[PDB]
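>>> Quick one, structure for this:
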Amino acid sequence: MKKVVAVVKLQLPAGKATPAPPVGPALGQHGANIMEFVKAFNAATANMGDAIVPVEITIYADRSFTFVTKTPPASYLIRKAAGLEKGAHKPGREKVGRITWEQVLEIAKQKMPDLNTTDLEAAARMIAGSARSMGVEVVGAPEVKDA
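Residues are numbered from 1 along each chain as shown. Next comes the structure:
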């Protein structure tokens, strides 16, 4: 029993969005809450930093809005996957921004249902790759070219 009626997919300024986004009028369709939208948004884009994120506000008929993206594509979810969470303090000395093959795959597999790709390598690479550009590094994914 799950069916979305309106899914706003757009890119908003991370750490710079105001209660007057480009959609605004086209967004207030889940209960009329533009502040809560940006309020929480800024909270995240405020704890992480400034950037652009392809919001995917899934508005369900039951006036239900669900979505959680942080930082441009790939990083939208890879970030949290890389280990970005802090919580309220950090242990000390730690290279933040690391993902593992099994993770980029679990992320790609759910990102390549039937679009146009096929082999995981193509998708996986696109994933672990996007992370690579995100300064992130693939903690796993051993280059075993000899065994």
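
>>> Can you show me the helices along the protein?
Assigned by DSSP state H, the chain shows helices spanning 34-47, 75-82, 101-109, 120-133.

>>> Could you list the buried residues of the second one?
Under the neighbour-count criterion of 16 or more other C-beta atoms under 10 Å, helix 75-82 has 75, 76, 77, 78, 79, 81, 82 buried. Every C-beta, even on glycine, is put in place using the N, C-alpha and C of the backbone.

>>> follow-up on the earlier one: and the helices of the chain: which comes nearest residue 140?
Residue 140 sits nearest to helix 101-109 of all the helices of the chain, at 4.6 Å, using C-beta to C-beta.

>>> helices or strands next to the closest one in the packing?
Under the contact definition 3 or more C-beta pairs under 8 Å, 6 or more residues apart in numbering; DSSP states H and E, helix 101-109 sits against helix 75-82, helix 120-133.

>>> can you tell me which of those comes nearest to residue 24?
helix 75-82 (21.5 Å).

>>> Next, the angle helix 34-47 makes with that closest one.
If you take axes from the mean of the first three to the mean of the last three C-alpha atoms, to 10 degrees, helix 75-82 sits at 50 degrees to helix 34-47.
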